[PDB]
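Position 48 of the sequence shown, counting from 1, maps to 144 under the working numbering, and the rest follow consecutively.
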Amino acid sequence: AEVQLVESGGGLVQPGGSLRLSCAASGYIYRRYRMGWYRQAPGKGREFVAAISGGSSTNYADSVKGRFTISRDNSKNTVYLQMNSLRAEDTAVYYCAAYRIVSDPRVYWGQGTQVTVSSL
C-alpha cells in the first residue's frame, strides 16, 4: 500500500491573521491512523499542536485551544488545521504526522511547511 503525506497552505501573515494548513494522506493512512500537527520554531524542538481521528478524541495544545481547529474531509482524504488569531509565537515549521501505537512501530512525517507571523 502507498504511504504519502502532502502538506500545503503555509506562508506569511500578519499578527491576528488566519492561515489554513492541509495534509492530504493516502487512503491507507487517512482511514485508520491518528493524524496530528506538530511545529518546530527556530532554536527549539517539535511540539504538539493538534490531533484527530484514530478513535481518539480531538486534542489540542493548551496554547492553541480556542484559536486552532482541526478537521477532516472524507471526500479529499485530507486533514485541515485552521489557524485563527495567529501570533508571533506561532512562527514555526508545521509538520503533519500520522502514527499508530498498537501495531506499527513507525510514525510518518510530512516535509514541513513554513508559517511566518511578521508585523509588517
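Ideal Cβ positions, reconstructed from N, Cα and C, are used throughout, including at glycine.
In the three-state scheme derived from DSSP, where H, G and I count as helix and E and B as strand, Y204 is classed as strand. When DSSP reads this structure, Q100 sits in no beta bridge, so it has no partner.
Pairing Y204 with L108 gives a Cβ-Cβ distance that is not under 9 angstroms. Membership of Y126 in any beta strand (DSSP E) is not indicated; the residue belongs instead to the alpha helix (DSSP H) covering 123–128. Membership of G107 in the beta strand (DSSP E) is indicated by the continuous run 107–109.
If you draw a straight line from the Cα of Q110 to the Cα of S153, it is about 31 angstroms long.
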